[PDB]
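# Summary of the model geometry
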Amino acid sequence: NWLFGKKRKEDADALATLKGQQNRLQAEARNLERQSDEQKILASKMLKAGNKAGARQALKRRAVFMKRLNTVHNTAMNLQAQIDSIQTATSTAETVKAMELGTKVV
Amino acid sequence: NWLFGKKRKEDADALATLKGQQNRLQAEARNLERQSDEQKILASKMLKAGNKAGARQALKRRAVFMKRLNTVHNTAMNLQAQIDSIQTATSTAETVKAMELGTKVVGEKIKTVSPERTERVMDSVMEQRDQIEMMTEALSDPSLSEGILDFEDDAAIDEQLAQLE
Amino acid sequence: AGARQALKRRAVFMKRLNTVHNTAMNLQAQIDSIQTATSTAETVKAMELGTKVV
């Protein structure tokens, strides 16, 4: 009876939490990409201005930004995979219940 | 309950302390850079005015200023790394809690409809398909009705076809 | 390399599409089984009535 609504609420809350966390991770990835583009343009500008050890520092900064971007991207992908697992499990349970109903009738 | 707000307050206070200390270190680095630029310009000016042992003293002064600047810069970088560690740890803990919530939900769903129940349902479907095929084949057998005369008039109907042709 | 990622994405989408298509086909087969069983039961009852009369 009332337990079905509670189960639906729990699934919706879990999906909301996972999507909110994925929103934070996408925001952080966007910030990292912004910083990486800024850093690439800055490195090109100062190489225009004639410095190369500073360009080594700039490319190191871009490399660490790219590494952090890749890590947050993979974490967001894993959260997406778990959201997909929740949806697939709900659909599979409903399909199995329908098949069981048809089997009972036949 | 109330402990969560206390934890948030403690993390915010720690970040405030670290950022304030980094502000002092950046201020000191700025002062050192100011002094180093002043010293370089002064050295060039007095070399214009013709003195070189004083220029050795001036370049020594600039060298020690540069060394202090490098040290404070590295200290500020380390403080930045620790601020990053605090933020990364908070984000990682929140992500792990979200993943645990999703795992709990999927575990309850898989407990409700296991794979054993799925295989039982599909076995029932295949068995009922077999039974329905048996019943449908019983009622549609041509040997009950269609084959009334099994007699060897295949030759005779061949002759009637020849008659028509 | 982005095209490798894109074709991988299309491949996983195609796999999921195939799986849902097969599940829908199985549900169609079970609907057909329900209809066939109802028709067969009605036919057997009619044949039994005729057999009683004869």
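Everything below is about the structure shown above.
The following refers to the structure shown.

### Things to note about the overall build of chain A
- For chain A, the count of helices and strands is two helices and zero strands.
- Relative to a compact globule of 106 residues, whose C-alpha radius of gyration would be 13 Å, chain A shows 24 Å and is clearly more extended.
- In terms of principal-axis extent, the alpha carbons of chain A reach across some 80 × 25 × 15 Å.
- Summarising the internal contacts of chain A: among those between residues at least 6 apart in sequence, 83% fall at separations of at least 24.

### Considerations on the overall build of chain B
- Along chain B, the regular secondary structure elements total five helices and zero strands.
- Reading chain B from its N terminus to its C terminus gives the helix and strand order α-α-α-α-α.
- Relative to its length of 165 residues, chain B is extended, with a C-alpha radius of gyration of 46 Å against a globular reference of 15 Å.
- Expressed as lengths along the three principal axes of its C-alpha atoms, the size of chain B is roughly 140 × 60 × 20 Å.
- Excluding contacts between residues fewer than 6 apart, the proportion of contacts in chain B whose partners are at least 24 apart in sequence is 81%.

### Observations regarding the packing of helix α1 (residues 2–48) of chain B against helix α2 (residues 53–112) of chain B
Residue and element names in this part refer to chain B.
- Remark: α1 packs on α2, axes separated minimally by 9 Å, with the N-to-C direction vectors making an angle of 160°. Classed by the angle they form, the pair α1 and α2 counts as roughly antiparallel. Our pair here, α1 against α2, has a crossing hand that is left-handed.
- Of the residues in the contact of α1 with α2, the class split is 15 nonpolar, eleven polar and seven charged.

### A short note on the interface of chain B and chain A
- Contact residues are listed per partner, giving 24 residues for chain B and 26 residues for chain A.
- For the side of chain B that touches chain A, the secondary-structure elements that each account for two or more residues are α2 and α3 (115–138) of chain B.
- Take the side of chain B that touches chain A: its biggest share by element is 14 residues, from α2 of chain B.
- Looking at the side of chain B that touches chain A, its residues break down into ten nonpolar, eight polar and six charged.

### Focus on the pattern of salt bridges
- For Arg-117 of chain B, the salt bridge goes to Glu-100 of chain A, with nearest N and O atoms at 3.0 Å. Of the two residues, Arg-117 of chain B is situated in helix α3 and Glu-100 of chain A in helix α2 (residues 53–105); the pairing between them involves two chains.
- The closest approach of N and O atoms between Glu-116 of chain B and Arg-120 of chain B, which form a salt bridge, is 2.7 Å. Of this pair, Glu-116 of chain B and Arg-120 of chain B are both found in helix α3, four residues apart, which corresponds to roughly one turn of the helix.
- Three or more residues are tied together by salt bridges with common partners; here these are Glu-100 of chain A together with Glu-116, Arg-117 and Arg-120 of chain B.

### Quick notes on helix α1 (residues 2–48) of chain A
- For α1 of chain A, built from 47 residues, the straight-helix expectation of 69 Å at 1.5 Å per residue is met to within 8% by its first-to-last C-alpha distance of 69 Å.
- Following α1 of chain A by one or two positions, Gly-50 of chain A adopts a phi angle in the positive range, close to 80°.

### With respect to the packing of α2 of chain A against helix α1 (residues 2–53) of chain C
- The N-to-C vectors of α2 of chain A and α1 of chain C enclose an angle of 15°; their axes lie 9 Å apart at closest approach. Judged by the inter-axis angle, α2 of chain A sits roughly parallel to α1 of chain C. Our pair here, α2 of chain A against α1 of chain C, has a crossing hand that is left-handed. Contacts from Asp-84, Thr-95, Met-99, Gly-102, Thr-103 and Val-105 of chain A of α2 of chain A reach α1 of chain C at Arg-16, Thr-23, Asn-26, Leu-27, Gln-30 and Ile-34 of chain C.
- Within the contact of α2 of chain A with α1 of chain C, the residues separate by chemical class into four nonpolar, six polar and two charged.

Procedures and definitions
Here the numbering of residues is sequential along each chain, from 1 in written sequence order, and it may depart from the entry's numbering. Residues without coordinates do not appear. A letter from A marks each chain and a number from 1 marks each ligand, given out in the order of writing. A larger assembly contains the chains shown, yet all values here describe just the shown part. With hydrogens and water stripped out, all remaining heavy atoms of the structure feed into the side-chain values. Residues with missing side-chain atoms are left out of burial classes, side-chain pairs and their counts. The way it works is that DSSP assigns letters per residue, a run of H or I at least four long becomes a helix, a run of E at least two long becomes a strand, and they are numbered from the N terminus. Radius of gyration means the value over C-alpha atoms here, while the globule rule gives 2.2 Å times the residue count to the 0.38 power. When checking whether two residues touch, look at their non-hydrogen atoms; a contact exists if any pair is within 4.5 Å. Orientation is described by axes fitted as lines to C-alpha atoms, over the contacting stretch for helices, and by angles from 0 to 180 degrees between their N-to-C directions. By the definition adopted for this analysis, an angle is roughly parallel if under 35 degrees, roughly antiparallel if over 145, roughly perpendicular if from 65 to 115, and oblique otherwise. Throughout, a crossing is termed right-handed when the near helix is turned clockwise from the far one, and left-handed when it is turned anticlockwise from it by less than a right angle. Under the grouping applied here, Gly and all other residues not named as nonpolar or charged are polar, the nonpolar ones being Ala, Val, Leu, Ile, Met, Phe, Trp, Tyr, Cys and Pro and the charged ones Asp, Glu, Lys and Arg. For salt bridges, the criterion is a side-chain nitrogen of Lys or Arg within 4 Å of an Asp or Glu carboxyl oxygen. To estimate how far a helix should reach, multiply one less than its number of residues by 1.5 Å.

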